[PDB]
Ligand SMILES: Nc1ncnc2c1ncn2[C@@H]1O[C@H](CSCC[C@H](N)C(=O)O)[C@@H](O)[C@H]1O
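First, one chain by itself: the form solved without this ligand, in structure tokens.
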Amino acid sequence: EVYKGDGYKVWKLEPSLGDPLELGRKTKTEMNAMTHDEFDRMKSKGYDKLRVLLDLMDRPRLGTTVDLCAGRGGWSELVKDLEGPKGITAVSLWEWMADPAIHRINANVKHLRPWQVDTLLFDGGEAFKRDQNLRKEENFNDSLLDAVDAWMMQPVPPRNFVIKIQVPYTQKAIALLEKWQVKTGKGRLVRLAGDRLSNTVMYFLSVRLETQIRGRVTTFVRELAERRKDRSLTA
């Protein structure tokens, strides 16, 4: 009851006014300019984080599961403990610190074409370092969401999904998320509490619909910048 709800797990993100792209670029620029003190002072591990996310989703039965950009296997390992290794397929480019019984495919996620699954996991995306054009990090993560898009738009989409959204305030990202809600009839973008302030990572979970994604991302980026200032500043 009062257990079921979130809770301090995720931020509350009600929609608000603003351009998410510009507020997102604004706090990225500010962060890039922070000194060594400010930045650090505010700056297989995913095993636990996926368990939290799946607990929020009411612990659904996973079934046939593809884990995209599986990396070291943290997410695949949790599925195997939850349901055995038979149903999991792990895709990444190659290392692998998870159960070797889990089936793996060495392939570029942007070239592997989708197939039908019960559960779609994606934990890809990368945070670029300050010495970069802002648009290059946005384009790179956009192109990864474009690949996930083909998994979500196939004739029978994933019943369950956990899709990391590394850079959620681009037009591609927001348009991709709104399209996936229409396609699947569900989906909510969450900000896990306790994620490092140094990224903009959100997660798109296959729970009951929550719309106005564009305003909630704006609220996220505005709220994150304020918390970045609080932590970076002393006294």
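Residue numbers here begin at 1 and follow the sequence given.
Residues with no coordinates between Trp94 and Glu95, taken from the deposited sequence as a class: The entry has a gap there, with 4 to 9 residues left out between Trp94 and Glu95.
Counting only residues of the deposited sequence, how many between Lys43 and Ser44 have no atoms in the entry (none, 1 to 3, 4 to 9, 10 or more)? Per the record, 10 or more deposited residues are absent between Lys43 and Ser44.
Averaging the C-alpha B factors as listed in the entry, name the stretch that ends up higher: 34 to 42 or 187 to 195. The stretch with the larger average C-alpha B-factor is 34 to 42.
Please work out which of 112 to 120 and 129 to 137 has the higher mean CA B-factor as recorded in the PDB entry. The deposited B-factors put 129 to 137 ahead on the C-alpha mean.
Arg159 CA temperature factor, ranked by third within the chain: Lowest third, going by the recorded CA B-factors of the chain.
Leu21's Cα B-factor: lowest, middle or highest third of the chain? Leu21: CA B-factor falls in the middle third of its chain.
Sort the modelled residues of this chain by their C-alpha B factor and say whether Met152 lands in the lowest, middle or highest third. For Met152, whose C-alpha B-factor we compare with every modelled residue in the chain, the answer is the middle third.
Third assignment of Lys12 from its chain's C-alpha B-factors: Highest third, going by the recorded CA B-factors of the chain.
Can you work out whether the C-alpha temperature factor of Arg222 puts it in the lowest, middle or highest third of the chain? Ranked within chain, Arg222 CA B lands in the highest tercile.
From this point on, the text means the form deposited with this ligand bound, which you will not see here.
Can you pick the one in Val156, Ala150, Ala101, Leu93 that has a heavy atom within 4.5 Å of this ligand in the entry with it bound? Spelling it out, the residue with a heavy atom inside the cut-off is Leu93.
Three residues, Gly46, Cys69 and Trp75; all within 4.5 Å of this ligand in the entry with it bound via heavy atoms? The answer is yes: all three residues contact the partner (heavy atom, 4.5 Å cut-off).
Would you check, heavy atoms only and a 4.5 Å threshold, whether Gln116 touches this ligand in the entry with it bound? Although this ligand is absent here, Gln116 would stay clear of it in the entry with it bound, with no heavy atoms inside 4.5 Å.
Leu120: heavy atom within 4.5 Å of this ligand in the entry with it bound? No, no contact at 4.5 Å.
May I ask you to state whether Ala107 is within 4.5 Å of this ligand in the entry with it bound, using heavy atom distances? Taking the distances in the entry with it bound, the answer for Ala107 is yes, it comes within 4.5 Å of this ligand.
My question is simply whether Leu144 lines the interface with this ligand in the entry with it bound - judged by any non-hydrogen atom within 4.5 Å. Within the cut-off, so yes.
Based on heavy atom distances of 4.5 Å or less, which listed stretch (187 to 195, 170 to 178, 32 to 40, 46 to 54) is in contact with this ligand in the entry with it bound? That would be stretch 46 to 54.
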